[PDB]
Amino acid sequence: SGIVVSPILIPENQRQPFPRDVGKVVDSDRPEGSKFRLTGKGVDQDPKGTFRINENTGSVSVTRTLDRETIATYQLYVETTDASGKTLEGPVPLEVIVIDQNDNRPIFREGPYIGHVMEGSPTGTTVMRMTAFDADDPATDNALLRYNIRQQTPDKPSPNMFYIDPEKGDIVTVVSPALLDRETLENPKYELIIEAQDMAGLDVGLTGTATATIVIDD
């Protein structure tokens, strides 16, 4: 269960106050003593201190407003280290991408998305929920977002092991419990591409995607 990252998309021209959380790094089986270390352009190199990571929780924050015309992307790296400072999970690239303030495409902000399902789980078992934008914000309601699993890899033993609720973003199993079994699964980890599309509102038709993994567990 190594370090898991997602690209961090940050709208340009964020307002006060700062810092704000923009993403997160996962490493669930991190040993005790372990801490996260973030490095790169915008971190320990120029523009210094633009981004920080909570060394304990792996939450990534931005400390100032960004202008996409100034820097459009930042290549960050994250590792875990000992209490001393010795590297445990060698550095993993992590990109920050500054979004144009006129780019209103839906964004899944809560990744990396990592799901788990017990083998033999009943058909209709909820694995996880993935949704785009905030929700509870100035209404995300207006977008009428609808969700779809664009791709599942591997495409075996069924091409559609899961189904995302179009409205809610709840990912459920749709195969017999008998099919959910590590030993008979050629690959027990699935990579999904999930898409959100605005079905109404001023940004009707805009789409965004994220990846998720789902592991069938013992």
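Residues carry their position along the shown sequence, with the first being 1.
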Give the stretch, out of 179 to 187 and 50 to 58, with the larger mean C-alpha temperature factor in the deposited entry. 179 to 187
Check where residue 100 lands among this chain's C-alpha B-factors and tell me if it's the lowest, middle or highest third. middle
Lowest, middle or highest third - CA B-factor, residue 169: middle
By the recorded C-alpha temperature factor, relative to the other modelled residues in its chain, which third is residue 77 in? middle
Residue 28: C-alpha B-factor third of its chain, per the entry, is the highest
Name the third of the chain's ranked CA B-factors that contains residue 127, choosing lowest, middle or highest. middle
